[PDB]
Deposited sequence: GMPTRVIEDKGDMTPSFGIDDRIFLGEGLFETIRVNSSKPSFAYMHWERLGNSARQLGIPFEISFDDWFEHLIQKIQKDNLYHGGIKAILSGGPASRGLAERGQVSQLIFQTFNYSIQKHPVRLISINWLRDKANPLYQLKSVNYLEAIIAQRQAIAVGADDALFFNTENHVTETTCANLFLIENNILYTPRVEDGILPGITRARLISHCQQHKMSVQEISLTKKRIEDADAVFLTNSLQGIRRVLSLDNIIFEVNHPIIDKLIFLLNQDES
């Protein structure tokens, strides 16, 4: 059977012959609320879609996936917190284009605090090609993000914002970006070369259900600078308000943001 969960016997890890050491690995970071994994299906779907694209087996049913998440939450006594799933290409013979016959999955829980202070961003100087497939995969290849976040921290900021080679905004090191102008929501298109976030997707669905105008379009730096508000989304933090980008301070409050926080919070899927 071509996908193996590595269980505790005490924390599991990947062996040195695993292709995850060449970067052949994917992850999902799942919020746990009241001992229940939030949006377990959407995380499974995305992980499987990405695995398929990379040729990595992902032969674990949704029910078994969900059961594994529950057994981890129960064993580690988690109520609120997170679970990270890491899928490796697996042990394989040496060679860049070799193929792991059996992929390996590890689950790990953690506890963390939701940060409520608004975030300070800096723009990164190097650009991404929207055609580079790496940027639509939640992979283990995060050094770029690490370097960018360290630069942000070095200059007094919290996180870094990337742009593509058409000078359009994509995302930060860990979150999708939204802005609000004249009570209309804007966010970069999937085609701008972003990670298609689950939280982003949920927020768009909520807006559609509530007939709140939301536009998926290519956004220049000037659009951000001129926004009424700017905020970020991800599964662990939900919506995070943005105080500034480079030398531009924003108002952090908006009724649309409070409404969206409420709606994301009520979701028990």
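- In sequence order, the gaps in C-alpha coverage of the deposited chain fall at 1, 11-12.
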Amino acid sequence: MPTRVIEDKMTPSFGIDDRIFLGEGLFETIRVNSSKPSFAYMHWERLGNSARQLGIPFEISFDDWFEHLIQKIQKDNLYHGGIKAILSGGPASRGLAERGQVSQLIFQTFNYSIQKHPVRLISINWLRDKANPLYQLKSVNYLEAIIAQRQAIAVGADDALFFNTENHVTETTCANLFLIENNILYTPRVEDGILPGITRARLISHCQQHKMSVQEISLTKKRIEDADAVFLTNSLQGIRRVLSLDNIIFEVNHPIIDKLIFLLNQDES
From here on, numbers count along this sequence of modelled residues.
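- Judged by mean Cα B factor in the deposited record, 217-225 ranks above the other of 239-247 and 217-225.
- Taking the mean C-alpha B-factor of each stretch as recorded, 50-58 and 228-236 are not equal, and the higher mean is that of 50-58.
- In the deposited coordinates, the residue among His80, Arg128, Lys138, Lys75 with the greatest CA B-factor is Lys75.
- Which of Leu105, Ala175, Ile180, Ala97 has the largest Cα B-factor in the deposited entry comes down to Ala97.
- Looking at the C-alpha B-factors along this chain, the one for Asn164 belongs to the lowest third.
- When the modelled residues of the chain are ordered by their C-alpha B factor, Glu191 lands in the highest third.
- Per-chain ranking of the deposited C-alpha B factor places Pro255 in the middle third.
- Ranked by C-alpha B-factor against the other modelled residues of its chain, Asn111 falls in the middle third.
- For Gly156, the recorded CA B-factor ranks within the highest third of the chain. Only modelled residues enter the ranking.
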